[PDB]
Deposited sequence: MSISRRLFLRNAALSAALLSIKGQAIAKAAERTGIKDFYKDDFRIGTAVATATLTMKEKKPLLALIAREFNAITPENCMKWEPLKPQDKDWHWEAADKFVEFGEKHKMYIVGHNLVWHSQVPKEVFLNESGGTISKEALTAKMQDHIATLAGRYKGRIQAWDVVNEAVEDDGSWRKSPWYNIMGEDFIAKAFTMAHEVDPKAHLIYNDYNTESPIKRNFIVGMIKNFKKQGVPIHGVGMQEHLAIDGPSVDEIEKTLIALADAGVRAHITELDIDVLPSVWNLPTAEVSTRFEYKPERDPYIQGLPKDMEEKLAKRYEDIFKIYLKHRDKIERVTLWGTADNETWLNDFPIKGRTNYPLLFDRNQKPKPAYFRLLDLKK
């Protein structure tokens, strides 16, 4: 019982996000060992996305992704495949023909299916969960006007899952999305999910990205999302969990980056209290959740350091800039003691 994964077995798997640099650099070895000690599930940050894996939709770059999957099997990880079909980080050449004007519905369908057949096929039986479709719902309670939707309709989701289930029938198919605590967006998602599953579409689970803030959203809305998803027939997945502790709502300002010198004790405790309250709800509905994954291991590798404002110093994860366990981490351990 050494890592946080051992404390949370019999409940749900504790995962993290693995960067490409961690796999292709020998000086990032301590990070790899740190992940193997603490987590029992992994998710590729970028190496399995369309553009980084297949730039201009031409030649594949399996190298980075292969080292990821191999690392997972080397430690018996719950390997998650990140993004088969996403609206972002996808080459423009995909949504256009050989002219190239706007591609047709049938031709684009072939591109999506060929991509799935190749990507999911290469790691068939070696990947436990796939992020089939991601962020298909607009935050205003409607369909996202992506090229995927505007051309193939909304049924591109139904086809992506169907194709993936044919390619790798043992993989747990997942629909991922953010802002799932927003009722108007959550209702649209659950409704969409229920409609597809009724039509035979193999949707096994729905992923909550859980890009939460230090203040909100509340644990009540988080709980309601868990209940709504459970009643939808799918399994709950926490996919990209992180806690933004910086003032939000861009241009850099000395006042909106007030923790350059470090994170104060009252902030460390407010963050510890935050993570604790969230996991309290997770443990309450442990039978609904299959996996809880934090988007990164240490604070130095978070995307929130440079987004939405570049140059800031953020503390969203369980480990700090020096790979040391933060009070929030131990706070989560005490829950299972």
| query | finding |
| --- | --- |
| Sequence ranges absent from the coordinates, based on the deposited chain and numbered from 1 | 1-31, 281-291 |
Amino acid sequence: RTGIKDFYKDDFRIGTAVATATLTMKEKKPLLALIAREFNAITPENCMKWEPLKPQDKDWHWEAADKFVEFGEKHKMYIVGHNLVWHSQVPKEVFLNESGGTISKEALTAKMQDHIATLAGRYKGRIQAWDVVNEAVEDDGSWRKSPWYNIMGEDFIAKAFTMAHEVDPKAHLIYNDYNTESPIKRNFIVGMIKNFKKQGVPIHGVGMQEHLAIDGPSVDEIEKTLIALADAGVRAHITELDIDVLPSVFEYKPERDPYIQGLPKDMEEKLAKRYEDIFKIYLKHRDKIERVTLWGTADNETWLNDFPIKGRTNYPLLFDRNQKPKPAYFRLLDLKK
From here on, numbers count along this sequence of modelled residues.
{"property": "Of 271-279 and 56-64, the stretch whose C-alpha atoms average the higher B-factor in the entry", "result": "56-64"}
{"property": "Mean C-alpha B-factor comparison - 172-180 and 193-201, higher one", "result": "193-201"}
{"property": "Deposited CA B-factor, highest of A228, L246, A160, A236", "result": "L246"}
{"property": "C-alpha B-factor winner, where the candidates are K76, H211, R186, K111", "result": "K76"}
{"property": "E223 CA temperature factor, ranked by third within the chain", "result": "middle"}
{"property": "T293, C-alpha B-factor rank within chain (lowest, middle or highest third)", "result": "lowest"}
{"property": "Third of chain Cα B-factors occupied by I260", "result": "highest"}
{"property": "Chain-relative CA temperature factor third for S99", "result": "highest"}
{"property": "Record-listed C-alpha B factor of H115: chain third", "result": "lowest"}
